[PDB]
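So you know, we letter chains A, B, ... as the sequences are listed, proteins then strands, and number each from 1.
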Amino acid sequence: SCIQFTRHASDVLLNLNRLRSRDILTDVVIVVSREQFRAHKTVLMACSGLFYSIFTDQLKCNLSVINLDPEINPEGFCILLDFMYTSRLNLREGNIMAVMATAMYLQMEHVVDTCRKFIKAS
Amino acid sequence: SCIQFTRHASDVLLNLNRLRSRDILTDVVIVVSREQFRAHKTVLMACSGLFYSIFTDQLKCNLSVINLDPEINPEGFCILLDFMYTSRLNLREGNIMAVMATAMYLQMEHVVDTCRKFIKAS
Amino acid sequence: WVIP
Amino acid sequence: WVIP
Ligand SMILES: O=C1Cc2cc(Nc3cc(Cl)ncc3Cl)ccc2N1
Ligand SMILES: O=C1Cc2cc(Nc3cc(Cl)ncc3Cl)ccc2N1
Ligand SMILES: [Cl-]
Ligand SMILES: [Cl-]
């Protein structure tokens with residue numbers, strides 16, 4: 001018999017993104033080629049099957065630095081990190097291939113699905 | 001020119017609640033009278049003006065244990081902690097006064113607003 | 001607020 | 001997915 005506040009989840013995500021932009025309580029650096037991205041482990045786990053597997057591992061859960069596969073494009077990662085914290089995906093003709101490949105690697109099934117749909121249309 | 005995934009914020013919050021239920025990456029214990037509640041600092045900050053103030057403080061941001069004011073009722077806190085992680089508020093005749101008082105202390109303005117509306121109706 |  |  002609960003009541004529900006419709007905007008609560010969106011407002012929580014917006015505040016988590018504000019913490020990220022101000023580098024507050026970020027507890028991991030994701031290294032993609034030369035590029036470094038600071039984030040919250042919990043948000044990464046909540047969005048990605050790959051980060052979920054990494055941070056539930058008894059040894060890896062304690063690492064402050066995670067290095068991604070050298071094939072991963074920093075721009076593709078950046079677009080996906082922004083999606084994790086906002087629900088908004090900057091999908092463009094020039095980045096769609098790098099975004100799909102990064103989403104497949106990160107195990108973000110809904111992003112993979114929209115990328116496949118957009119590629120099929122063109 | 002982004003696209004948006006409608007269910008993303010709700011799905012993120014659902015996964016954060018799954019991490020909480022399994023005690024994964026929880027980094028703080030909130031003590032309310034005898035009762036202890038494990039949580040994620042970032043989620044507490046995203047939902048509460050009080051926890052936002054506490055964990056942005058250069059000294060308090062590093063505490064693993066936070067003790068609330070002895071006037072705070074553990075059940076009222078538990079109902080509010082569940083709301084933070086789910087968007088669902090278990091508001092009942094027998095708990096509404098304790099929920100409103102706890103929400104005022106935690107600075108959760110939307111919960112305070114619905115409590116005042118429900119009290120006014122009765 | 002809604003009835004979920 | 002929608003146009004926000
Ligand atoms: O496409 C995806 C997105 C995703 C997220 C998570 N993260 C969780 C899943 C569960 Cl059940 N509890 C807690 C968490 Cl943080 C796992 C796999 C995938 N695949
Ligand atoms: O009723 C409320 C809920 C709430 C949440 C937060 N938390 C933040 C606010 C900002 Cl601007 N950036 C980041 C965070 Cl985590 C502060 C005050 C209040 N009052
Ligand atoms: Cl996804
Ligand atoms: Cl609120």
>> Could you check whether any side-chain heavy atom of B:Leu13 comes within less than 4.5 Å of a side-chain heavy atom of B:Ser87, counting everything from C-beta outward?
In response: yes
>> With a 4.5 Å cut-off on side-chain heavy atoms, are B:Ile119 and B:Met97 touching?
In response: yes
>> Under the rule for salt bridge (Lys or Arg N to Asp or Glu O under 4.0 Å), what residues qualify as partners of B:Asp82, not counting sequence neighbours?
In response: B:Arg20
> Side chains of B:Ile3 and A:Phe118: does their closest heavy-atom pair fall under 4.5 Å?
Replying inline: yes
> With a 4.5 Å limit on heavy-atom distance, are the side chains of A:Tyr52 and A:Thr56 in contact?
Replying inline: yes
> With sequence neighbours left out, what residues match A:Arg34 under side chain to side chain donor-acceptor pair (under 3.5 Å)?
Replying inline: none
> Under the side chain to side chain donor-acceptor pair (under 3.5 Å) test, which residues partner A:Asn73, sequence neighbours left out?
Replying inline: none
> From A:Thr102 OG1 over to A:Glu75 CD, what is the distance, rounded to the nearest 0.5 angstrom?
Replying inline: 9.5 Å
> Given a cutoff of under 4.5 Å between side-chain heavy atoms of I, L, V, M, F, W and Y, with clusters grown through shared members, what are the other residues clustered with C:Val2?
Replying inline: none
> Using a side-chain heavy atom cutoff under 4.5 Å and only I, L, V, M, F, W and Y, what cluster partners does A:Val29 have?
Replying inline: A:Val31, A:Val65
> With B:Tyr105, which residues qualify under side chain to side chain donor-acceptor pair (under 3.5 Å), at least two apart?
Replying inline: none
> How many angstroms lie between OG in B:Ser33 and CD1 in B:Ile72, if you round to the nearest 0.5 Å?
Replying inline: 9.0 Å
> What is the distance from atom OG of A:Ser122 to atom NZ of A:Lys117, rounded to the nearest 0.5 Å?
Replying inline: 15.5 Å
> Can you tell me how far CG of B:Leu16 sits from CG of A:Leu16, rounded to the nearest 0.5 angstrom?
Replying inline: 7.0 Å
> Between SG of A:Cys115 and NE2 of A:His110, what distance do you get to the nearest 0.5 Å?
Replying inline: 13.0 Å
>> Rounded to the nearest 0.5 Å, what separates atom NZ in B:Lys41 from atom CD1 in A:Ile24?
In response: 13.0 Å
> Counting distance only, does the side-chain N/O of A:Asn95 pair as donor-acceptor with the main-chain N or O of A:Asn90 below 3.5 Å?
Replying inline: yes
> Which residues satisfy the side chain to side chain contact (heavy atoms under 4.5 Å, CB included) test with A:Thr26, sequence neighbours excluded?
Replying inline: A:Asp23, A:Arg38, A:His40
>> The criterion is side chain to side chain contact (heavy atoms under 4.5 Å, CB included); which residues satisfy it with A:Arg18, sequence neighbours excluded?
In response: A:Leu14, A:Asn15
>> Show every ring pair (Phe, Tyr, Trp, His ring centres under 6.0 Å) that has at least one partner inside residues 9-31 of chain B, sequence neighbours left out.
In response: none
>> Once ring-ring contact (aromatic ring centres under 6.0 Å, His included) is applied, do any residues pair with A:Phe37, and if so which ones, sequence neighbours excluded?
In response: A:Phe77
>> Just to verify, what does B:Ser48 make a side chain to side chain contact (heavy atoms under 4.5 Å, CB included) with, not counting sequence neighbours?
In response: B:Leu50, B:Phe51, B:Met84, B:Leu106, B:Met108
> What pairs with A:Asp69 under side chain to side chain donor-acceptor pair (under 3.5 Å), at least two apart in sequence or on another chain?
Replying inline: none
